[PDB]
Each structure stands twice: as structure tokens, then as C-alpha cells.
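Lettering follows sequence order; numbering is per chain, from 1.
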Amino acid sequence: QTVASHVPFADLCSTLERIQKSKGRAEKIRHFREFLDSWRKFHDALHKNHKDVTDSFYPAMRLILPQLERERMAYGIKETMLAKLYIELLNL
DNA sequence: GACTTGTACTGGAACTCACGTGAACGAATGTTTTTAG
């Protein structure tokens, strides 16, 4: 029962947007700490009858720090390819 | 990982203000000593 299955991507996107918008490092750290605390509290409340489940913050941590992603190889779609694919798919 | 550039935060020093302490000069007054009439 992974926590990421119950956490919408919109919440993470909003947290990242708030972090970027904030000017002082204190506000960014506060936002990230609030998100992490909510995630940890939800994880603790979900896995009550647990057996040392291998569920952690990796699903969100990898997205927050894509540069450290080693499990997944190169996507093969760079900025030019992404722009092209957006053009065909959206039928612009 | 080491260097460079750029941005943000922050505690200490500079400045000012105000007061207290001590030292020096001159004004005004009072008082004492000495000397010419």
C-alpha cells in the first residue's frame, strides 16, 4: 500500500510552485518540511499493522531531484522533441 | 570536486545623543596688607 498511490500529483506540483515562488530560503524550507511531515504522518497512520514495509519518500524524492535518477535511463525526448510532440498531440 | 559569479541575510562598528566627572579661565565681589598724603 504505497503512499504515493493516495497522494495526487497536483499537491506535489503546488508545493513545488510555492517553493519556487517564495523568495526567502526560510519559506521554501518551511513548505518542504510541511509536505514531508504530512507525508510521514500519512505513512505512519497507513502502515499500522506493518512488517517493515519498503515504502518511503522515493516516489516523490526522485521527482523532486530528477538529476539523481539513475534507475531510469535517458527518456530520449529532449526540449526539441518535447515541443514537437506537444505540437502533434495537441493538433495545433 | 574545485573555482567563479551573483544574491540574500546579519551581527558588529560608526555615528549620534545624553549625562557625568574633572580641569581651566575670567568676571564679579569681598577682604586683607601695605604705602603715600
Enquirer: Roughly how far, to the nearest 0.5 Å, is CG of A:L63 from CG of A:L16?
Expert: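 Those atoms lie 9.0 Å apart.
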
Enquirer: If you look only at pairs with a residue in residues 10-28 of chain A, which of them pass as a salt bridge (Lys or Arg N to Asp or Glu O under 4.0 Å), with sequence neighbours excluded?
Expert: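 Every salt bridge (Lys or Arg N to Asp or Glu O under 4.0 Å) pair that includes a residue of residues 10-28 of chain A, provided the two are not neighbours, is A:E27-A:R30.
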
Enquirer: To the nearest 0.5 Å, tell me how far A:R40 CZ sits from A:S56 OG.
Expert: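 Rounded to the nearest 0.5 Å, the CZ-OG separation comes out at 10.5 Å.
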
Enquirer: Hey, can you tell me if A:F35 and A:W39 have their rings parallel, tilted or perpendicular (30° and 60° cut-offs)?
Expert: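 Taking A:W39 first and then A:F35, their aromatic rings stand perpendicular (interplane angle over 60°).
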
Enquirer: Can you list every stem that DNA chain B is part of, counting only runs of 3 or more consecutive Watson-Crick or G-U wobble pairs with both distances under 3.5 Å?
Expert: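 Paired runs of 3+ in DNA chain B: none detected.
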
Enquirer: Check the interface with nucleotides 6-11 of chain B: list each N/O to N/O pair with the protein under 3.5 Å, or write none.
Expert:
from  : atom 1 : to    : atom 2 : distance (Å)
B:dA8 : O3'    : A:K23 : NZ     : 3.1
B:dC9 : OP1    : A:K23 : NZ     : 2.7

Enquirer: A:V3 and A:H47: which non-hydrogen atoms are nearest, and at how many Å?
Expert: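 That would be CG2-NE2, 4.2 Å.
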
Enquirer: When rounded to the nearest 0.5 angstrom, what is the spacing between CG in A:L12 and CD1 in A:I64?
Expert: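 Taking CG in A:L12 and CD1 in A:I64, the distance rounds to 5.0 Å.
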
Enquirer: Kindly compute the distance separating CZ (A:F32) from OG1 (A:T15), expressed to the nearest 0.5 Å.
Expert: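 With rounding to 0.5 Å, CZ (A:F32) is 9.0 Å from OG1 (A:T15).
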
